[PDB]
Amino acid sequence: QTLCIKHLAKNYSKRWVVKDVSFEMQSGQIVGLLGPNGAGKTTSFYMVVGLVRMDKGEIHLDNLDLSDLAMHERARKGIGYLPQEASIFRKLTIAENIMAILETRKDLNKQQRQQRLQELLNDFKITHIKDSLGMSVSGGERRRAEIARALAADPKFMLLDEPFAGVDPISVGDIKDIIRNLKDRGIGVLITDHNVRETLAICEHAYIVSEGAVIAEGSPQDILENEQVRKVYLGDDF
Amino acid sequence: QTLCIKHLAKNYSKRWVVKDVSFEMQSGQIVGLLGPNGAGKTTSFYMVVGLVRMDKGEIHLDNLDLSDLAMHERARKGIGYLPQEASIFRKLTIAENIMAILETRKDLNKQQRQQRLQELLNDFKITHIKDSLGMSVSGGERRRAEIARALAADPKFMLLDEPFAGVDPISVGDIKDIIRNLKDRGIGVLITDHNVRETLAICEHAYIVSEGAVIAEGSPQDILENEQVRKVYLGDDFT
Amino acid sequence: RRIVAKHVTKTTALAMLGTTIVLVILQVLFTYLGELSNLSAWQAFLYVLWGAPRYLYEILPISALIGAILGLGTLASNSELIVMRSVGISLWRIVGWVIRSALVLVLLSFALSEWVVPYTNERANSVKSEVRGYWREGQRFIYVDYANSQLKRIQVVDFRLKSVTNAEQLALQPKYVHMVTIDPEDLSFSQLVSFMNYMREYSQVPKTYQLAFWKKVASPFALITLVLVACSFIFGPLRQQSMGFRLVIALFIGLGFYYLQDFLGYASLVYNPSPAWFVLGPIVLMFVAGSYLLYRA
Amino acid sequence: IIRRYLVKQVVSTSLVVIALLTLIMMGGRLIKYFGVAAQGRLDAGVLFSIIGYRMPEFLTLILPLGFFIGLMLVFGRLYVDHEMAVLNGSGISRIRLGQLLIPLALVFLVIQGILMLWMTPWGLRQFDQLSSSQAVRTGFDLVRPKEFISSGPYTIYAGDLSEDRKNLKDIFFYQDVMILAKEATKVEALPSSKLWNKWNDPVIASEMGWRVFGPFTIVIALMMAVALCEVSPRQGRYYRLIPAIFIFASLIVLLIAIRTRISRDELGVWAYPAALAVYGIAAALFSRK
Ligand SMILES: CN1C(=O)[C@H](CCCCN)NC(=O)[C@H](CCCN)NCc2cccnc2Sc2cccc(-c3ccc(C(=O)O)cc3)c2CNC(=O)[C@@H]1Cc1c[nH]c2ccccc12
Ligand SMILES: CCCCCCCCCCCCO[C@@H]1O[C@H](CO)[C@@H](O[C@H]2O[C@H](CO)[C@@H](O)[C@H](O)[C@H]2O)[C@H](O)[C@H]1O
């Protein structure tokens, strides 16, 4: 599956923050949507999710135009979103968070929903907190429950927003292992992040957007040896 | 000359967030207060500034207790604060942002104040944008106006909160020169930041605050070789 | 889906009921301060306490508005509404879950209006302390000096005159005698429709009873519509705002709606068009405007 | 520069709140007056003159409330968007910022001193003459369509009524003469001069003290808005409004409860500054904790 995105555009206060941002993503592949802060990497990311309405552009997913659909109508097509901020259901237990979205899945029955919930808890090692409220778990443990909850909806493309946000260097490997696990599960991952040192370490194909347009494209090795990216975003030393 | 912090402590919701944090910072020296996120490096920083009540311990500045003084009373003692978030006076001109704090100074007359404002604008290359509002400037230029404004109060120690927050790698070096310039100005700088890799590149003495207590101390080279830090904060391979 | 539905409904229901408890307690305390003017004080606390169901009945439309603002505001500010859309739960489904919470208040509004308010109102009047000079039945004008629910100096005039009959002790019925002094607004729906049907069978129903009838039949629809407006504001203008700002705005919409429904109620008694236009005016427009803010997502 | 920055902000947002409260406090009364006019008990063409004459009465309460709310919104904004951390971090406390607004509060005190002493009585004097002129309406003036209106020895029934209260239809008049036709076409206001020296009487002792010690609620609204304005950036600019409007309103409710207990010669006129001093000292102590 391919999430073709063509000629995105959006203006704010009569100023075009995003001008002709176009990139392509495939299932089972990590793609990093990077760039200078405020240059349109966040806004172009949100127009893929659906939070920000698209002024101009075309977002197809395997000959399925997802341009006119809202946030939820795209999510039913197989697009996932993991907010940077804490988005766990505070008053629902960790097992109820995953079970809340599993009941939304129409591809299962009560018998296999409990089996799917059990293995999702075991996959992310949150079984020991399956009965604790979502508001009373560690930030590292909660984020694993948010990803497990997102995987309960069976997404084809998981768009991660700032995954390495407030993550210590000891636990940056844990996030990379999670993101690598999503790729091995057949889910394409779109990462937008301010921490470009580690986002350029897991992504297979990165898009640098500056001044509202994509200024470079390719593997992280090609991104580093790009004169425009080095001059504008990464700097002479990196 | 020597800001001394001893045995800081603070309990939030019957949980001791900070337990026996003590570090010393001298004037003209850059000190990085680092550590795992949520391990008390942020709370211990705030007790130094004054944005949270120290439940236990003391703060000294060259035989002058500052523990009982509020945030504004320490600022008169030469301690500055630079919030991570946008703290510019939004509807005031950038020249007026620096001037609003220059008029606070008692040892500066109108003529001495206009000069100081002129040279403060020139030092931070914002004299071209000195006629624009605080809320209508670039993110990079706004922070340069907040540091020029902070220097107008003439601080002896500047407590920077997340200076490398939301900063592109191109503009990280720009902040390095600013913090290096503050040290060259005879002003001690205390830095708390999540970006440990770049914070360790300017500080000459770093403190690692884990599980509410200081577990490391010394130059960034000594912090990296510490096996206790690399087990809890930095990880096996960090450079 | 049931676990998500219970979480959204229970969170909003507790916010709608929590605001209801607070708003009634404040209005009982505020009203108690006022009556004290015309003072015994205890005789004045029971009169205000007995009026609580009637203060409760008039708070339900505004407690449901604030309840949905605070109930969904807690969900919105915690980024919980974003992850319901991220899995395929529409905006109109989340609104439908909030409406389920408001449907408890609508049923509570019916119970107070039909069986509770008309009883505690009568008990309140007694604490503070049978129609006299009652004045048309088609072509006949009837005046009775004293009328009892179980007559004195009757006078009936027939119409050109035929007979002016007088007695010392016709379509008048004792059942509706006690409803004559009661204001049309205060009458319960069971009492109002029965009284209007009685007047319409023999005379013309005044426009102050038509307005009272329309202000009651459109009471459940103003509670649901005002909830939908609250939900659309959370997904629209009041998204990412503080909890205090949402509460402040929820108070301005509540007063704006109470003033608009008060003014357009009065305007229906002075202008030719039927009171249905003035009562169902804002309700239809707020539903259309509220449903448009939901279409903008 | 920091004083002019605050005065411009407080004046701008206090005038917005004052105009917002005037639209709400007297918009509700204007609608209620319109409700009386819709039943014929008040001329529809004069209800805008009633609002004109009750401007000083409501603005007597809104001005301390608008100043109090406008003070906390400004001081809340400084806290929310981190302009207070750089003002405290530069040596300027919150108490010092509230002391920069004493010249502004004195202007608002003088303004309300004009309202309380002069325009509130003058507005209530003209309103009392006007309202008493609307209480004499009787007969065909109070008629309502499809209803019987009895006023003394008159009983009037009109089958229809125009949008204006003219051109009646299906008129029935009873005394005994029966006519059927198809068509038919206070110390609160006394000038201060009087209560100026006429003390030693609970009536004036309560009113005149209410006019002299009344304007000083602006000062209390200044040092109590400074005390109750500390709010976190994530909490919001409006977080401490509703909790602290009730703390301010508890002062006014106490002052209305003192005006009455003086009118009944039970408390004495000395309790006006005492009520303000207790709230003044409590606010000063809380701002310095
Ligand atoms: C009975 N009072 C009034 O007539 C005031 C007068 C102010 C508006 C007109 N100028 N107005 C009212 O009461 C009317 C309702 C009465 C029917 N119209 N609206 C609520 C209203 C308007 C203005 C102030 N309070 C109210 S209701 C209220 C609120 C808080 C406390 C109290 C209260 C309760 C009990 C006692 C006691 O037992 O001694 C004392 C006070 C009250 C009750 N109101 C009072 O005691 C005052 C006392 C008062 C006399 N003149 C004044 C001029 C300015 C301010 C207040 C007064
Ligand atoms: C702004 C809220 C923050 C805190 C506020 C603190 C106090 C709030 C003040 C509320 C003012 C009360 O409002 C006052 O209620 C009393 C209730 O007896 C009303 O009183 C009215 O109805 C009663 C009930 O039959 C009659 O007996 C009375 O003659 C009549 O005037 C007043 O018309 C109204 O002005």
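Note: relative contact order over chain B, using C-alpha pairs below 8 Å and six or more positions apart, is 29 percent.
Across the options C:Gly133, C:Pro273, D:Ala135, the greatest Cα extent toward the positive end of the charge dipole of the protein assembly as shown (unit charges at beta carbon of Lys, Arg, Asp, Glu) belongs to C:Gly133.
As a rough footprinting exposure proxy, the listed residues B:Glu146, B:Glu119, A:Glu204 were ranked by other beta carbons within 10 Å of their own, and the order from fewest upward is B:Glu119, A:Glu204, B:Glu146.
Between B:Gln118 and B:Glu85, the contour length at 0.36 nm per residue exceeds the Cα-Cα span by 9.3 nm. Exceedance of the 30 Å cut-off in Cα-Cα distance is limited, within the set B:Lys10/B:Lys130; A:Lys125/C:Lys6; C:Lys162/D:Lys169, to B:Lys10/B:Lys130. Among the residues of C:75-84, the average count of other protein chain beta-carbon atoms within 10 Å of the residue beta-carbon is 6.
Placing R0 at 56 angstrom, the Cβ-Cβ distance between D:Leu15 and A:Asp65 gives a FRET efficiency of 0.65 after rounding to 0.05. Under conditions of 37 °C and 0.692 mPa s, the stretch B:88-154 yields 286 µm² s⁻¹ as its translational diffusion coefficient, taking Rh as the Kirkwood radius over Cα pairs in the Stokes-Einstein equation.
Panel order for C:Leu23, C:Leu70, A:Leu8, D:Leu285, by other beta carbons found within 10 Å of each beta carbon, from fewest to most: D:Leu285, C:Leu23, C:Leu70, A:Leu8. Computed over chain C, the Cα gyration tensor eigenvalues convert (square root of 5λ each) into semi-axes of 45, 23, 15 Å, ordered from largest to smallest. Each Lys and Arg Cβ is given +1 and each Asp and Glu Cβ -1; about its Cα centre, the stretch A:82-154 then shows a dipole of about 100 debye.
For the stretch A:43-94, the spread of Cα coordinates along the three principal axes comes to 39, 21, 13 Å, biggest extent given first. When the stretch A:37-120 is described by a simple charge dipole with +1 on each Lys and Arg Cβ and -1 on each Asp and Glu Cβ, the residue from A:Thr43, A:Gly57, A:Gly80 located farthest towards its positive end is A:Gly80. Values of log10 I(q)/I(0) for the protein assembly as shown across q = 0.05, 0.07 Å⁻¹ run -0.45, -0.82, by the Debye formula with one identical scatterer at each alpha carbon and no solvent. Of the chymotrypsin sites (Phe, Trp or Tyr not before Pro) found in the stretch B:145-239, no site is in coil according to DSSP while having at most 10 other Cβ atoms within 10 Å of its Cβ. Between the stretch A:115-183 and the stretch C:242-268, what's the alpha-carbon centroid distance in Å? The stretch A:115-183 and the stretch C:242-268 have Cα centres separated by 44 Å. The Cα atoms of chain D define a convex hull whose projected area, averaged across directions, is 20.2 nm². Here r is the Cβ-Cβ distance between A:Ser132 and D:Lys198 and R0 is 60 Å; the resulting FRET efficiency, rounded to 0.05, is 0.25.
Label sites at D:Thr260 and D:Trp118, each approximated as a point 7 angstrom past Cα along Cα to Cβ, lie 3.2 nm apart.
Under 19 Å from a label point set 7 Å out along the Cα-to-Cβ vector of C:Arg123, the amide N atoms of the stretch C:183-222 belong to C:187-188.
Axis of helix A:172-184 versus longest Cα principal axis of chain A: the two differ by about 80°, to the nearest ten degrees. Residues whose amide H falls under 5 Å from that of A:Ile79, counting only those 5 or more places apart or on a different chain, are A:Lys156, A:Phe157, with hydrogens built in the peptide plane. Two decimals is fine: what's Rg over Rh for the stretch D:139-184, C-alpha atoms, Kirkwood radius as Rh? Computed over Cα atoms, the ratio is 0.93. Structure remark: mean-square fluctuation, Gaussian network model of chain A, C-alpha springs under 10 Å; the largest value among A:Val49, A:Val214, A:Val167 belongs to A:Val167. Counting only other chain Cβ atoms within 10 Å of each residue's Cβ, the peptide B:30-40 averages 2.
Note on C:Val217 and B:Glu73: their simple-model spin labels are 7.1 nm apart, each label 7 Å out from Cα toward Cβ. Values of log10 I(q)/I(0) for the stretch D:12-55 across q = 0.21 Å⁻¹ run -0.67, by the Debye formula with one identical scatterer at each alpha carbon and no solvent. Put a plus charge on the Cβ of each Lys and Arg, a minus charge on the Cβ of each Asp and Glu, and nothing anywhere else: the dipole of the stretch C:131-175 about its Cα centre is then about 80 debye.
Distance from the C-alpha centroid of the stretch D:36-115 to that of the stretch B:186-203: 46 Å, rounded to the whole angstrom. The H on the amide N of A:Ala213, modeled in the peptide plane, is under 5 Å from the matching H of A:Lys19, each at least 5 residues off or on a different chain. Considering the stretch A:1-97, its Cα convex hull presents a mean projected area of 7.7 nm².
Counted by neighbouring Cβ atoms within 10 Å, the residues D:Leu130, C:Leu17 run from fewest to most as D:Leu130, C:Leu17.
Among C:194-206, B:191-203, the peptide with the highest mean count of other Cβ atoms within 10 Å heads the list, and the full ranking is B:191-203, C:194-206. For chain B, the longest principal axis of the C-alpha atoms and the axis of helix B:139-152 are separated by about 90°. In whole angstrom, the stretch C:106-234 maps to an equivalent ellipsoid with semi-axes of 37, 19, 10, each derived as √(5λ) from the alpha carbon gyration tensor and ordered largest first. Rg and Dmax over the alpha-carbon atoms of the stretch D:74-199 stand at 29.4, 88 Å. Please list log₁₀ I(q)/I(0) at q = 0.08, 0.12, 0.14, 0.16 Å⁻¹ for chain B, using the Debye equation with identical point scatterers on the alpha-carbon positions. Each listed q maps to, in turn, -0.31, -0.69, -0.92, -1.16. Working note: Karplus 6.51/-1.76/1.60 with θ = phi - 60° gives the stretch D:32-40 the couplings 5, 4, 5, x, 5, 5, 5, 9, x Hz, where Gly and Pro are set to x. Per residue of A:84-93, other chain Cβ atoms within 10 Å of the residue Cβ number 5 on average.
Please compute the Kirkwood hydrodynamic radius of the stretch B:105-239 from all pairs of different C-alpha atoms, in Å with one decimal. Result for the stretch B:105-239, one decimal place: 17.0 Å.
The numbers here are math on the coordinates, done by the rules we state, and not lab data. Neighbour counts are summed over all protein chains in view; Cβ atoms, including those assigned to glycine, are modelled from backbone coordinates with ideal geometry.
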